[PDB]
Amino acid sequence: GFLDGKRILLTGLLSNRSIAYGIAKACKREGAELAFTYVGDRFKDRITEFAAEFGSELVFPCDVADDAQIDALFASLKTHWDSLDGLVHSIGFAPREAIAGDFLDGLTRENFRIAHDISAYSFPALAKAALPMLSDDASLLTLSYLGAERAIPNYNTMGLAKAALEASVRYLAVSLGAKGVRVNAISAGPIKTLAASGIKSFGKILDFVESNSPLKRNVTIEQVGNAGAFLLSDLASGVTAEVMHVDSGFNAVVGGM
């Protein structure tokens, strides 16, 4: 398939409901060879299974909060893979206050810092840290959300991280485009994942979108998985710096009238 022989490092695979999960399936299904990351020694076992399920024996710890691990990650990886062809950044986090209720009520220098550190900075951070072993046709891909461009209830500080993340996509594309590397983001629709547990009335949004999206249905990690494989592949060799909505077209309407 269109990923035959491509070596892709996937982050953010946590459950079988993870967006990163559907992207692994879609990649494996297209010939890709995969490697994975996890956070903390207490997940080391779960990711090892998941990796086995995709014929991979490569699992690496990486707390994107630690310069040390990010650097360790690519040193380790280097001994197994000669070069890297794809990196998937499926990483987000915000203190629980910062994504609950009133925007200003959850705001503090600390929450802001953390949400931006982990959800925004980490993406170009990993990029700089892969630059060395990246290939010439290589493709980076990150996940984002409509909340970066429009005020969504409860999203709050996540909204700002995501705006910064999407700006980094553009600055990455320019920085790495010289070397033939492409950088893109997918803007996904609401999908019930672990991370999604912290968005109160997530159920309200999900229902709303199913009512008003042009396609009148919710998206799935397979749909998102499928678009990602594309962007990671050479079919998308003319596509860099894009932010691609995959949300049954929801961004495009004004719903509920």
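Note that the rigid core is defined as the largest set of C-alphas that superpose within 1.5 Å between two forms. From 1 onward, residues are counted along the sequence shown.
Annotation: of the segments 60-68 and 197-205, 197-205 departs further from this form in 8 other deposited structures of this protein (C-alpha atoms, root mean square over structures and residues, core superposition). Taking only CA atoms, the mean B-factor in the PDB entry is higher for 234-242 than for the other of 234-242 and 16-24. Per the PDB record, of the two stretches 173-181 and 153-161, 173-181 carries the greater mean B-factor over its C-alpha atoms.
Among 222, 67, 53, 33, the highest C-alpha B-factor recorded in the PDB entry belongs to 67.
Of the candidates 85, 110, 166, 102, the one whose C-alpha carries the top B factor in the deposited record is 102. Residue 40 sits in the highest third of its chain by CA B factor, as recorded in the PDB entry. Ranked against the other modelled residues of its chain, the C-alpha B-factor of residue 194 as given in the entry falls in the middle third. In this PDB entry, the Cα temperature factor of residue 228 sits in the bottom third of its chain's modelled residues, the lowest group.
Residue-level temperature factors show residue 106 in the highest third of its chain, judged at the C-alpha atom. Residue 147: CA B factor lies in the middle third for its chain, per the PDB record.
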